[PDB]
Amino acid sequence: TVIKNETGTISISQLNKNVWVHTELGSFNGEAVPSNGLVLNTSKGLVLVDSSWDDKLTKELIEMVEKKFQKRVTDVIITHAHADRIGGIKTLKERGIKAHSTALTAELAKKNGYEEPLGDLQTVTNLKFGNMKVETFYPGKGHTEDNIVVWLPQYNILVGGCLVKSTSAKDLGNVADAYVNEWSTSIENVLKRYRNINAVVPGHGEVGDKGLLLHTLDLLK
């Protein structure tokens, strides 16, 4: 079940009854790049694991899902401080959408001139939205020093964010702010914490399973 917007710039694909993957075509260093996040349809509203590249795409994403699910977006979890993930923060703040992040992600967003997310997430934080349980985990440095992953324990779904590469990725992409040595240890920390994974959603590309984590370890050698 896939649904696209008016221009084909935003798509949502259903993983299960209450979890959808959102994908928006954005731009990085002048090139068209699609990126992923999750839409969690909860009894108390919609929660996004990552919003989009910038304010224009974030507004469109929010409007698309609020209309389809007939509920408001109430919270967003931001996985790292780069423009590619924090870009729509102004939209979130002005609409009263809670933007969750670790303290380090919030410090980095401010340092880079963006409005600040909450800085409320710890190394391990367990959130409950309606009947939807969400666990956030900081595994260590990798794609950036602050990257976190998100786990849905009722579905064993792991949102890897930019820390995890899809099978189609043949290189590490943007490593300007990366820690390539620690990145392997961080992926091992995720594999040690989540031993039974049904699906892994990479930052970009197709949904896979633990093989995407093993693929990322190989790209790091």
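Start at 1 with the first residue shown and count on from there. The term rigid core refers to the maximal set of C-alpha atoms that superpose within 1.5 Å between the two forms.
Visitor: After fitting on the rigid core, pick out whichever of 102 to 110 or 84 to 92 shows the bigger RMS C-alpha deviation in 5 other deposited structures of this protein.
Guide: The stretch that sits farther from the shown form in 5 other deposited structures of this protein is 84 to 92.
Visitor: Do the Cα atoms of 2 to 10 or of 212 to 220 sit farther, on average, from the shown structure in 5 other deposited structures of this protein when the rigid core is superposed?
Guide: Looking at 2 to 10 versus 212 to 220 in 5 other deposited structures of this protein, the farther one turns out to be 2 to 10.
Visitor: Looking across the other entries that model both neighbours, is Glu60 missing in at least a third?
Guide: No, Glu60 has coordinates in all the other entries compared.
Visitor: Do at least a third of the other entries of this protein fail to model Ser168?
Guide: Looking at the other entries that model residues on either side of it, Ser168 is present in every one.
Visitor: Please work out which of 168 to 176 and 183 to 191 has the higher mean CA B-factor as recorded in the PDB entry.
Guide: Comparing averages over the C-alpha atoms only gives 168 to 176.
Visitor: If you average the CA temperature factors over each stretch, which comes out higher, 65 to 73 or 32 to 40?
Guide: The entry gives the higher C-alpha B-factor average to 32 to 40.
Visitor: Which third, lowest, middle or highest, does the CA B-factor of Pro139 fall in along this chain?
Guide: It belongs to the lowest third of the chain when residues are ordered by C-alpha B-factor.
Visitor: Could you say whether, by C-alpha temperature factor, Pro153 belongs to the lowest, middle or highest third of its chain?
Guide: Middle third, going by the recorded CA B-factors of the chain.
Visitor: Should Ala106 be placed in the lowest, middle or highest third of its chain by the C-alpha B factor in the entry?
Guide: According to the entry, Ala106 has a C-alpha B-factor in the chain's lowest third.
Visitor: Based on the deposited C-alpha B factors for this chain, I'd like to know if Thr79 is in the lowest, middle or highest third.
Guide: Bottom third by C-alpha B-factor.
Visitor: Lowest, middle or highest third: which one holds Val124 when the chain's residues are ordered by CA B-factor from the entry?
Guide: For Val124, the deposited C-alpha B-factor lands in the middle third.
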